Amino acid sequence: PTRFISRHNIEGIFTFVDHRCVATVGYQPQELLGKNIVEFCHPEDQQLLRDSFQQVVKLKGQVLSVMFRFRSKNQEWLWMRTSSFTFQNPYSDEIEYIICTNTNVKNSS
Amino acid sequence: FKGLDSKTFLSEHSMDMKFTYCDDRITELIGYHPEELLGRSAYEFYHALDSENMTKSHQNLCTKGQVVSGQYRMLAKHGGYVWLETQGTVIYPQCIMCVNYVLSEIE
Ligand SMILES: O=[N+]([O-])c1c(Nc2cccc(F)c2)ccc2nonc12
């Protein structure tokens, strides 16, 4: 399974991207950092993705998964399954951020 | 004194605890280069006195889908150990995603 990790703020902006993104979606980390994940999302799926990011912060660190179409560096729609959860260092009251594992999956059955 | 972000590193593991990814913050904290951890079991790096506790934490992680490890010691590259706590989450099982935060200087 081709996958990479990302960290996002609550709004969806990439604040960290693991280098395995190149093999997964074709972009360098530098091409994703500072951008919102929704900017790469198929228009039909953008609201689902926003709504998923909004909810995951309310689920007390449980995983929320979402499937969406991600525009690869070749301008092609790849099915991604993003499993997300929030983290906040328990020694602090820093705002939660979101940790994602992003995997190219099949849409088939 | 280190900021919060600077004492945390992310790692990914297969279900047997072998590293499949580690972020570079670990170098500044514990000495390892991520590439040298890959394929090694995290168990190789736990202090002997924490091994049974970490086995229990791994069992709880696999049965519940998430765990907070409680405090344990990880062996540092150049000797000694650092105290850590880890929040683990199973990604579905496909892999384990760990948020590791350092609780002490090297001892
Ligand atoms: O499955 N795991 O890989 C796992 C941990 N891995 C780990 C991650 C970073 C450093 C370290 F010494 C060990 C650390 C604490 C854990 N508690 O349950 N599983 C754990």
# chains A, B, ... in the order shown; residues from 1 in each chain; ligands from 1
>>> interface_residues(of="chain B", to="chain A", cutoff="12 Å", atoms="only C-alpha atoms", output="MDAnalysis selection string")
chainID B and resid 3:12 20:25 34 64:68 85:92 94:103
>>> write_last_selection(atoms="N, CA and C atoms", output="compact mmCIF listing (two decimals), in the first residue's frame")
# COMPACT_ATOMS: atom_id res chain seq x y z
N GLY B 3 10.85 23.84 22.93
CA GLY B 3 9.44 24.03 22.64
C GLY B 3 8.73 22.70 22.44
N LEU B 4 7.39 22.72 22.51
CA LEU B 4 6.59 21.50 22.42
C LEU B 4 6.84 20.75 21.14
N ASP B 5 6.70 21.45 20.03
CA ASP B 5 6.90 20.82 18.73
C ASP B 5 8.25 20.11 18.68
N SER B 6 9.26 20.68 19.34
CA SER B 6 10.62 20.18 19.19
C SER B 6 10.88 18.90 19.98
N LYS B 7 9.99 18.56 20.92
CA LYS B 7 10.21 17.34 21.71
C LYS B 7 9.32 16.20 21.27
N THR B 8 8.64 16.38 20.14
CA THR B 8 7.74 15.35 19.65
C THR B 8 8.25 14.85 18.32
N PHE B 9 8.15 13.54 18.08
CA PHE B 9 8.41 13.01 16.74
C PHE B 9 7.39 11.95 16.41
N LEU B 10 7.05 11.86 15.12
CA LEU B 10 6.10 10.87 14.65
C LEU B 10 6.83 9.64 14.14
N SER B 11 6.27 8.46 14.41
CA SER B 11 6.80 7.25 13.79
C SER B 11 5.65 6.37 13.32
N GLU B 12 5.95 5.52 12.35
CA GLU B 12 4.99 4.55 11.84
C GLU B 12 5.66 3.20 11.95
N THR B 20 8.58 1.62 10.10
CA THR B 20 8.41 1.79 8.66
C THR B 20 8.59 3.26 8.25
N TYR B 21 8.58 4.16 9.22
CA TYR B 21 8.83 5.58 8.99
C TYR B 21 9.18 6.24 10.32
N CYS B 22 10.10 7.19 10.30
CA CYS B 22 10.32 8.03 11.47
C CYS B 22 10.65 9.45 11.03
N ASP B 23 10.09 10.46 11.69
CA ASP B 23 10.40 11.83 11.31
C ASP B 23 11.74 12.30 11.89
N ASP B 24 12.37 13.26 11.22
CA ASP B 24 13.76 13.60 11.50
C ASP B 24 13.98 14.26 12.86
N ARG B 25 12.90 14.69 13.52
CA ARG B 25 13.05 15.28 14.85
C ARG B 25 13.72 14.31 15.82
N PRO B 34 16.50 8.40 10.90
CA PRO B 34 15.36 7.52 10.60
C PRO B 34 15.72 6.29 9.77
N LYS B 64 -7.63 -2.60 21.29
CA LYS B 64 -8.48 -1.43 21.45
C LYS B 64 -8.39 -0.44 20.27
N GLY B 65 -7.27 -0.44 19.56
CA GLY B 65 -7.12 0.41 18.40
C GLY B 65 -6.34 1.67 18.71
N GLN B 66 -6.18 1.95 20.00
CA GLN B 66 -5.41 3.10 20.46
C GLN B 66 -4.91 2.87 21.88
N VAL B 67 -3.81 3.54 22.23
CA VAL B 67 -3.23 3.39 23.56
C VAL B 67 -2.42 4.62 23.89
N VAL B 68 -2.37 4.97 25.17
CA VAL B 68 -1.30 5.81 25.66
C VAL B 68 -0.39 4.90 26.46
N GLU B 85 6.76 9.19 26.36
CA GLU B 85 5.43 8.60 26.36
C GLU B 85 4.97 8.61 24.92
N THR B 86 4.21 7.60 24.55
CA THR B 86 3.76 7.47 23.18
C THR B 86 2.25 7.30 23.10
N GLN B 87 1.62 8.04 22.20
CA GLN B 87 0.22 7.79 21.87
C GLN B 87 0.21 6.96 20.59
N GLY B 88 -0.31 5.74 20.66
CA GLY B 88 -0.35 4.85 19.50
C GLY B 88 -1.77 4.72 18.95
N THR B 89 -1.91 4.58 17.63
CA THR B 89 -3.19 4.41 16.99
C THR B 89 -3.04 3.41 15.85
N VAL B 90 -3.92 2.42 15.79
CA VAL B 90 -3.86 1.46 14.70
C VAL B 90 -4.63 2.03 13.52
N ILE B 91 -4.04 1.94 12.33
CA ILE B 91 -4.68 2.40 11.11
C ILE B 91 -5.18 1.13 10.43
N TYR B 92 -6.47 1.08 10.12
CA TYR B 92 -7.09 -0.14 9.57
C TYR B 92 -7.54 0.06 8.13
N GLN B 94 -3.50 -2.19 9.32
CA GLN B 94 -2.53 -1.82 8.29
C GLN B 94 -1.16 -1.41 8.86
N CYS B 95 -1.18 -0.55 9.86
CA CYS B 95 0.05 -0.07 10.49
C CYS B 95 -0.32 0.62 11.79
N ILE B 96 0.72 0.97 12.55
CA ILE B 96 0.59 1.68 13.79
C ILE B 96 1.22 3.05 13.64
N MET B 97 0.48 4.07 14.06
CA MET B 97 0.97 5.43 13.97
C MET B 97 1.19 6.00 15.38
N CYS B 98 2.42 6.35 15.68
CA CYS B 98 2.83 6.79 17.00
C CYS B 98 3.19 8.26 17.05
N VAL B 99 2.67 8.93 18.08
CA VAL B 99 3.12 10.26 18.41
C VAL B 99 3.91 10.11 19.70
N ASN B 100 5.20 10.41 19.61
CA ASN B 100 6.15 10.16 20.69
C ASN B 100 6.61 11.48 21.25
N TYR B 101 6.48 11.67 22.56
CA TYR B 101 6.92 12.91 23.17
C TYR B 101 7.89 12.64 24.30
N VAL B 102 8.99 13.39 24.28
CA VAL B 102 10.08 13.17 25.21
C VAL B 102 9.76 13.87 26.52
N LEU B 103 10.02 13.17 27.62
CA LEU B 103 9.70 13.65 28.97
C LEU B 103 10.95 14.03 29.75
>>> residues_around(residues="residue 39 in chain A", least_positions_apart="2", cutoff="10 Å", atoms="only C-alpha atoms", output="list in words")
residues 12, 13, 32, 35, 36, 37, 41, 42, 43, 46, 70 and 71 of chain A
>>> write_last_selection(atoms="N, CA and C atoms", output="CSV table (one decimal), in the first residue's frame")
chain,number,residue,atom,x,y,z
A,12,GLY,N,-7.1,22.6,7.9
A,12,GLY,CA,-6.7,21.7,6.8
A,12,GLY,C,-5.4,22.0,6.2
A,13,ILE,N,-4.7,23.0,6.6
A,13,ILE,CA,-3.4,23.4,6.0
A,13,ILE,C,-2.3,22.3,6.3
A,32,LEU,N,3.3,20.9,-1.2
A,32,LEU,CA,2.1,20.6,-0.4
A,32,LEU,C,2.0,21.5,0.8
A,35,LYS,N,-0.3,24.7,2.0
A,35,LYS,CA,-1.5,24.6,1.2
A,35,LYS,C,-2.6,23.8,2.0
A,36,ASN,N,-3.8,24.1,1.7
A,36,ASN,CA,-4.9,23.3,2.3
A,36,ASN,C,-5.1,22.0,1.5
A,37,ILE,N,-5.3,20.9,2.3
A,37,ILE,CA,-5.6,19.6,1.6
A,37,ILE,C,-6.8,19.7,0.7
A,41,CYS,N,-8.4,18.5,-3.6
A,41,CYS,CA,-9.5,17.5,-3.5
A,41,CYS,C,-10.5,17.8,-4.6
A,42,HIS,N,-11.1,16.7,-5.2
A,42,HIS,CA,-12.1,16.7,-6.2
A,42,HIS,C,-13.3,17.6,-5.7
A,43,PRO,N,-13.9,18.4,-6.6
A,43,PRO,CA,-14.9,19.3,-6.1
A,43,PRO,C,-16.1,18.7,-5.5
A,46,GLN,N,-15.0,18.0,-1.7
A,46,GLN,CA,-14.3,19.0,-0.9
A,46,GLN,C,-15.1,19.2,0.4
A,70,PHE,N,-8.0,12.8,-4.9
A,70,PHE,CA,-6.9,13.7,-4.7
A,70,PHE,C,-6.2,13.9,-6.1
A,71,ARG,N,-6.0,15.2,-6.5
A,71,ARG,CA,-5.4,15.5,-7.8
A,71,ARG,C,-3.9,15.3,-7.7
>>> residues_around(residues="range 42-49 of chain B", least_positions_apart="5", cutoff="9 Å", atoms="only C-alpha atoms", output="ChimeraX atom specification")
/B:13,16-19,37,54-55,72-76,81
>>> write_last_selection(atoms="N, CA and C atoms", output="mmCIF file, in the first residue's frame")
data_model
loop_
_atom_site.group_PDB
_atom_site.id
_atom_site.type_symbol
_atom_site.label_atom_id
_atom_site.label_comp_id
_atom_site.auth_asym_id
_atom_site.auth_seq_id
_atom_site.Cartn_x
_atom_site.Cartn_y
_atom_site.Cartn_z
ATOM 1 N N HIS B 13 4.847 2.186 12.224
ATOM 2 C CA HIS B 13 5.343 0.831 12.487
ATOM 3 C C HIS B 13 4.444 -0.179 11.817
ATOM 4 N N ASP B 16 4.038 -5.564 13.980
ATOM 5 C CA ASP B 16 5.040 -6.193 14.856
ATOM 6 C C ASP B 16 5.990 -5.165 15.475
ATOM 7 N N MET B 17 5.673 -3.884 15.320
ATOM 8 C CA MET B 17 6.434 -2.804 15.939
ATOM 9 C C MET B 17 7.668 -2.369 15.155
ATOM 10 N N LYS B 18 7.941 -2.994 14.017
ATOM 11 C CA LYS B 18 9.110 -2.586 13.234
ATOM 12 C C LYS B 18 8.872 -1.188 12.658
ATOM 13 N N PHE B 19 9.870 -0.305 12.731
ATOM 14 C CA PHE B 19 9.728 1.012 12.132
ATOM 15 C C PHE B 19 9.553 0.887 10.626
ATOM 16 N N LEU B 37 16.687 3.183 11.705
ATOM 17 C CA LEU B 37 15.661 2.532 12.501
ATOM 18 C C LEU B 37 14.798 1.603 11.659
ATOM 19 N N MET B 54 5.653 -2.451 28.089
ATOM 20 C CA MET B 54 5.457 -2.100 26.692
ATOM 21 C C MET B 54 4.804 -3.237 25.905
ATOM 22 N N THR B 55 5.059 -4.479 26.310
ATOM 23 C CA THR B 55 4.382 -5.620 25.711
ATOM 24 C C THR B 55 2.890 -5.503 25.999
ATOM 25 N N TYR B 72 8.035 5.387 29.586
ATOM 26 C CA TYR B 72 9.058 4.375 29.398
ATOM 27 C C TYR B 72 10.376 4.993 28.918
ATOM 28 N N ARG B 73 11.435 4.189 28.932
ATOM 29 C CA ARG B 73 12.746 4.670 28.551
ATOM 30 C C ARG B 73 13.138 4.097 27.196
ATOM 31 N N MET B 74 13.555 4.976 26.290
ATOM 32 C CA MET B 74 14.110 4.556 25.016
ATOM 33 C C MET B 74 15.614 4.781 24.993
ATOM 34 N N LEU B 75 16.336 3.730 24.630
ATOM 35 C CA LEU B 75 17.785 3.753 24.463
ATOM 36 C C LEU B 75 18.237 4.793 23.449
ATOM 37 N N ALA B 76 19.142 5.685 23.845
ATOM 38 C CA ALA B 76 19.641 6.714 22.932
ATOM 39 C C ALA B 76 20.829 6.200 22.136
ATOM 40 N N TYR B 81 19.525 6.673 28.177
ATOM 41 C CA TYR B 81 18.132 6.550 27.784
ATOM 42 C C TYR B 81 17.414 7.883 27.932
#
>>> select_by_dssp(residues="range 38-70 of chain A", states="alpha helix (DSSP H)", output="number ranges by chain")
A: 46-56
>>> residues_around(residues="range 53-55 of chain A", least_positions_apart="4", cutoff="9 Å", atoms="only C-alpha atoms", output="list in words")
residues 10, 11, 12, 48, 49, 59, 64, 84 and 98 of chain A
